[PDB]
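Per chain, numbering begins at 1; letters A, B, ... match sequence-line order.
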2 protein chains.
Amino acid sequence: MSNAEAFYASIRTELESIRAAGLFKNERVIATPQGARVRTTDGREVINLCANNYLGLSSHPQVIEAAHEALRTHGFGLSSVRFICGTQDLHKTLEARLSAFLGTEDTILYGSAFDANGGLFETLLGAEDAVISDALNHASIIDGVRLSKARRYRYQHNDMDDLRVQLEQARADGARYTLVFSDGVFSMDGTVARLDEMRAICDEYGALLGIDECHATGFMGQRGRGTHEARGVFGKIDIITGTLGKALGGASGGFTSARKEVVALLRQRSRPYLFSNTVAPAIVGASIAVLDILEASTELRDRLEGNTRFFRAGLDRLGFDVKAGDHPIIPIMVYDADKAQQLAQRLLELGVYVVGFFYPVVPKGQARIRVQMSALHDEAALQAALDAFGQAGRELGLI
Amino acid sequence: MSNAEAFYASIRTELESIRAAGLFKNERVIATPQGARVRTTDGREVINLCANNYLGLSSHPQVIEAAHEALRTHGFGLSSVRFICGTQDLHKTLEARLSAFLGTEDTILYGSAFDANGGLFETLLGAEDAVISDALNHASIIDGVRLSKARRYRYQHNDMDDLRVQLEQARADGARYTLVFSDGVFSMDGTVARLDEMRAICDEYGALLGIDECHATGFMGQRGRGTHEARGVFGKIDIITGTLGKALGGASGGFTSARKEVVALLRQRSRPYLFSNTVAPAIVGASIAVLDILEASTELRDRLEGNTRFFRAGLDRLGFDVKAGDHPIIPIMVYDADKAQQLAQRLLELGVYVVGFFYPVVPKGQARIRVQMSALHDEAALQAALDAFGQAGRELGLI
């Protein structure tokens with residue numbers, strides 16, 4: 001047996017173990033644009049309750065038209081990183097528009113928020129510095145942190161007392177600069193980071209405060225600017241990383257927003273910015289149109305908020321165990337991996353598409369169905385979805 | 001002085017030292033689509049010889065139209081990672097077409113080749129395994145390896161004798177599985193990895209062979225399939241990572257192409273695939289058209305080969321210091337960063353758009369102008385550019 005073929009046998013063995021443990025992820029092949037309803041290649045039509053399409057801009061007509069228009073004016077690809085020939089006027093406009101929207105001095109575009117986080121920490125922090133992360137921070141944050149030389153600390157999820165403990169320990173350990181960093185909204189439980197308390201605690205220690213706003217930009221806060229607006233610390237955030245691929249259009253792109261000197265050093269040294277393609281013109285142009293829409297009217301985020309209240313109230317009424325909160329991410333606790341797999345499959349048969357999370361992604365006993373509201377859904381369709389939850393929940397003994 | 005404000009003082013001091021060293025990159029703001037000629041916002045139209053637009057596909061009318069069409073049929077964004085609700089039939093089609101184009105069993109799309117590399121090594125290798133890298137491997141390869149637990153070895157650039165030394169050492173150290181990984185064509189010097197020799201050497205040690213084809217897919221080899229075709233080892237590569245953002249359209253996206261079980265495990269476990277947005281439908285649809293074009297005729301990669309031979313011969317005639325090779329990446333070595341920026345600035349005045357390359361993009365003391373040829377240019381424009389290079393080079397004491 002050659003080593004190379006043994007390698008492939010070990011890969012196949014691992015895949016079979018995943019299957020046998022019930023952990024294998026199945027891709028359902030969608031035939032339609034993204035929307036409130038979709039249809040797979042086998043003709044099954046479903047209400048879609050597990051997209052990041054919070055404001056319905058993924059297939060909004062003015063967004064699609066801005067994309068067509070930018071293809072005509074600025075082309076399909078730039079085939080270049082930003083410093084060579086990959087910067088259009090579109091990119092500078094979007095960076096300025098995002099800076100104003102988020103309350104920061106400047107913004108640097110990336111291909112994705114995953115790469116914004118990956119390219120963040122290594123440039124800004126070194127071995128004498130500390131990063132203090134919420135224990136449930138997003139994977140892309142951890143990997144950016146692991147690529148840096150920074151000292152690593154974690155505080156218990158949303159635990160301000162433990163955040164103080166970690167800031168105390170980082171100080172005792174002799175940290176030069178300290179960055180407290182957290183998801184603004186955590187996708188697994190929909191909780192909203194306590195940014196007002198974190199800002200005050202950061203100020204006590206002279207620490208920086210950074211947030212990852214992927215599940216917030218566009219609809220958190222009264223004007224939809226983000227978790228920092230909702231928590232009353234708009235303009236008091238050192239670093240915001242975020243995505244264009246969720247509420248703000250759903251195609252691609254991400255960004256880091258900060259003081260102008262941080263953004264400037266990121267352009268000079270951040271490895272995904274130096275060594276990965278610029279954002280495509282059509283995505284940049286559509287994103288400017290997204291900001292035009294969201295700065296003109298709060299109607300879409302107001303509709304998302306009403307849809308979220310309606311669905312949270314209905315699940316509560318039916319008897320489900322729903323994680324507390326008001327976020328469009330609505331986690332329905334079902335404890336067992338098998339119960340979650342059964343509920344997601346039964347809902348699919350009933351015309352409702354959700355996603356389940358279970359061990360080892362979440363702890364034993366913490367299995368859940370993750371529903372995500374959209375401004376797209378109307379309350380009649382949401383009621384039809386609640387009826388499917390009611391049916392499957394009664395069948396499976398959950399309610 | 002608070003630690004937080006001291007942090008910004010540290011950042012500003014570093015920015016000033018970059019400027020004082022002559023290593024500060026400035027962005028030019030392009031007002032037009034990508035093409036053989038572009039115009040900046042100030043109105044100056046110039047010949048672009050520094051794009052990854054190797055085959056002219058970034059603004060090819062059939063490629064632009066395929067993007068319009070996918071916008072109409074499949075929408076602007078999917079706002080989901082692949083496994084939840086971000087897989088359309090387009091994605092599966094592109095993955096099948098890339099696999100056939102590249103000679104592999106299956107393909108997994110990423111948002112970028114930077115992400116493909118970042119998510120490769122940690123998924124497939126463990127603490128008992130080894131990765132053996134060419135010393136000049138791309139930053140995205142290095143960061144992917146750093147994120148993994150594999151034991152790291154480096155061999156001297158394009159040195160097969162030293163590659164054997166490292167394979168021997170890795171075996172002596174007790175490696176379980178060994179992956180030799182190299183740029184197929186190196187981004188900064190244009191050299192072509194000796195994949196035929198590396199395949200033979202890998203076979204002797206039972207090692208896997210992986211390549212990053214970003215500056216190769218579409219135009220290397222007689223049918224433009226890649227470096228492996230060019231080196232006679234098509235169908236004998238374990239792992240291909242690559243981009244859609246260079247010759248294959250220039251917008252966004254990347255991929256890993258491999259045996260079906262490797263691709264399957266990457267879908268289950270690769271962090272950039274699990275935790276970053278799916279590729280936008282318009283980019284997927286246009287990439288399918290790109291492969292229709294390139295599989296129907298080799299005329300574009302043939303025109304690129306002729307333009308490259310003509311331009312290298314002209315630069316040689318004029319007396320420039322050019323890295324040896326035949327690749328469309330033509331590195332004009334100036335060593336000193338100041339003179340790199342001086343040459344690029346003077347060429348712009350003379351009607352030619354190139355950009356100085358210097359640290360950290362290339363090593364200190366090894367600054368250069370990376371010229372890149374494209375199928376787009378006609379001989380008359382290349383001759384005009386040669387004349388500009390001659391005049392600028394003589395003005396600047398370079399030739």
Worksheet, complete the sentence: In this structure, CG of B/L350 is separated from CG of B/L343 (nearest 0.5 Å) by 9.5 Å

Item to complete: May I ask you to check whether B/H377 and B/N48 show a side-chain donor-acceptor distance below 3.5 Å?
Response: no

Discussion item. Going by the rule salt bridge (charged side-chain N to carboxylate O under 4.0 Å, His left out), which residues pair with B/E65 if we only count those two or more places apart in sequence or in a different chain?
Written reply: B/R72

Worksheet item: Of the non-hydrogen atoms in B/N158 and B/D134, which two are nearest, and what is the gap between them?
Response: N-OD2, 2.8 Å

Worksheet item: Does a donor on one side chain sit under 3.5 Å from an acceptor on the other, for B/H215 and B/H327?
Response: no

Item to complete: Keeping the roles fixed (side chain from B/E45, backbone from B/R37), state whether a donor-acceptor pair exists under 3.5 Å.
Response: no

Worksheet entry | Within residues 334-352 of chain B or reaching into it, pairs that qualify as salt bridge (charged side-chain N to carboxylate O under 4.0 Å, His left out) - sequence neighbours excluded | B/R346-B/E349, B/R346-B/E395

Worksheet item: Do B/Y110 and B/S270 have a side chain donor and acceptor closer than 3.5 Å?
Response: yes

Fill in: B/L55 side chain reached by B/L304 side chain, heavy atoms, under 4.5 Å
yes

Practice prompt. For residues B/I237 and B/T104, determine if any side-chain heavy atom of one lies less than 4.5 Å from a side-chain heavy atom of the other.
Written response: no

Worksheet item: Is a side-chain donor or acceptor of B/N137 paired with a backbone partner of B/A139 at a separation under 3.5 angstrom?
Response: no

Discussion item. Under 3.5 Å, is there a donor on one side chain and an acceptor on the other for B/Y273 and B/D115?
Written reply: no

Practice prompt. Just do the salt bridge (charged side-chain N to carboxylate O under 4.0 Å, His left out) check on B/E27 and A/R82 with the steps written out, would you?
Written response: CA-CA 7 Å; B/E27 294 177 352; A/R82 278 283 295 271; 2.9 Å; yes

Discussion item. Can a side-chain donor-acceptor contact be found between A/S80 and B/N52 if the only test is distance below 3.5 angstrom?
Written reply: no

Fill in: B/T278: partners by side chain to side chain donor-acceptor pair (under 3.5 Å), with sequence neighbours left out
B/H91

Worksheet item: Does some side-chain heavy atom of B/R370 sit less than 4.5 Å from a side-chain heavy atom of B/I332?
Response: no

Worksheet entry | Any donor-acceptor N or O pair under 3.5 Å, side chains B/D143, B/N117 | no

Worksheet entry | Basic-acidic side-chain contact under 4.0 Å: A/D106, A/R267 | yes

Discussion item. With a 3.5 Å distance limit and no angle check, can you tell me whether B/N277 reaches the backbone of B/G111 through a side-chain donor-acceptor pair?
Written reply: no

Worksheet entry | Residue pair B/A337 / B/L23: nearest heavy atoms and the distance that separates them | CB-CD2, 3.6 Å

Worksheet, complete the sentence: Between A/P281 and A/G75 the two heavy atoms that sit nearest each other are CB-O, 3.7 Å

Item to complete: Tell me, with the steps shown, if B/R97 and B/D292 meet salt bridge (charged side-chain N to carboxylate O under 4.0 Å, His left out).
Response: CA-CA 9 Å; B/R97 294 288 307 280; B/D292 289 343; 2.8 Å; yes

Item to complete: Inspect the contact between B/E305 and B/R301 and indicate whether a charged nitrogen and a carboxylate oxygen are less than 4.0 angstrom apart.
Response: yes

Discussion item. Once rounded to the nearest 0.5 Å, what's the spacing between atom OG of B/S112 and atom CZ of B/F255?
Written reply: 11.5 Å

Worksheet item: About how many Å separate CE of B/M373 and CD1 of B/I329, when rounded to the nearest 0.5 Å?
Response: 11.5 Å

Worksheet item: When the ring planes of B/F389 and B/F311 are compared, do they come out parallel, tilted or perpendicular, using 30° and 60° as the limits?
Response: perpendicular

Item to complete: List for me each residue that meets side chain to side chain contact (heavy atoms under 4.5 Å, CB included) alongside B/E379, sequence neighbours excluded, and say none if there are none.
Response: B/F310

Worksheet item: Of all residues at least two apart in sequence or in a different chain, which pass the ring-ring contact (aromatic ring centres under 6.0 Å, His included) check with B/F114?
Response: none

Discussion item. Test side chain to side chain donor-acceptor pair (under 3.5 Å) on B/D387 and B/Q391; report intermediate values, then the result.
Written reply: CA-CA 6 Å; B/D387 299 335; B/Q391 184 187 325; over 6 Å; no

Item to complete: Please test B/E213 against B/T241 for side chain to side chain donor-acceptor pair (under 3.5 Å), starting from the C-alpha separation and ending with a verdict.
Response: CA-CA 6 Å; B/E213 280 284 278; B/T241 62; over 6 Å; no

Worksheet entry | Min side-chain heavy-atom separation B/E229-B/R223 under 4.5 Å | yes

Fill in: Any donor-acceptor pair under 3.5 Å from A/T243 side chain to A/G245 backbone
yes

Worksheet item: Roughly how far, to the nearest 0.5 Å, is the CD atom of B/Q62 from the CD atom of B/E69?
Response: 12.0 Å

Worksheet item: Do B/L244 and B/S252 come close enough that some side-chain heavy atom pair is under 4.5 Å?
Response: no

Fill in: side chain to side chain contact (heavy atoms under 4.5 Å, CB included) assessment of B/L57 paired with B/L300
CA-CA 9 Å; B/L57 296 185; B/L300 290 174; 3.9 Å; yes

Worksheet entry | With A/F275 via ring-ring contact (aromatic ring centres under 6.0 Å, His included) - residues at least two apart | B/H138

Worksheet item: Is there a side-chain contact between B/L94 and B/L90 (heavy atoms, below 4.5 Å)?
Response: no

Worksheet item: Taking atom CD of B/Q372 and atom CD1 of A/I84, what is their separation to the nearest 0.5 Å?
Response: 6.5 Å

Worksheet item: Any side-chain donor paired with an acceptor under 3.5 Å for B/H157 and B/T191?
Response: yes

Discussion item. If we ignore hydrogens and angles and just use 3.5 Å, is the side chain of B/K25 paired with the main-chain N or O of A/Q268 as donor and acceptor?
Written reply: yes

Worksheet item: For the residue pair A/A66 and A/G285, what are the closest heavy atoms and their distance?
Response: CB-O, 4.1 Å

Discussion item. Can you confirm whether more than 12 heavy atoms, excluding those of A/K260, are under 6.0 Å from its NZ atom?
Written reply: no

Worksheet item: Do B/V334 and B/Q366 touch side chain to side chain, with heavy atoms closer than 4.5 Å?
Response: no

Item to complete: Search all heavy atoms of A/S79 against all heavy atoms of B/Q34 and return the closest pair with its distance.
Response: OG-CG, 4.1 Å

Practice prompt. Tell me, please, whether B/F357 has B/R368 positioned over its six-membered ring: NZ or CZ under 6.0 Å from the ring centre and within 45 degrees of its axis?
Written response: no

Worksheet entry | Residue pair B/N307 / B/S374: nearest heavy atoms and the distance that separates them | ND2-O, 2.9 Å

Worksheet item: Quick one: which of A/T256, A/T87, A/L98 gives a side chain to side chain contact (heavy atoms under 4.5 Å, CB included) with A/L109?
Response: A/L98

Worksheet item: If you round to the nearest 0.5 Å, how far is CD1 of B/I369 from CG of B/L49?
Response: 11.5 Å

Fill in: Derivation of the side chain to side chain contact (heavy atoms under 4.5 Å, CB included) call for A/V263 and A/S257
CA-CA 7 Å; A/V263 173; A/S257 294; over 6 Å; no

Worksheet entry | Six-ring centre of B/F101, B/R225 cation under 6.0 angstrom, axis tolerance 45° | yes

Practice prompt. Measure the shortest side-chain to side-chain distance between B/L248 and B/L294 over non-hydrogen atoms and say whether it is less than 4.5 angstrom.
Written response: yes

Practice prompt. Without swapping roles, check the side chain of B/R231 against the backbone of B/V192 for a donor-acceptor pair under 3.5 Å.
Written response: yes

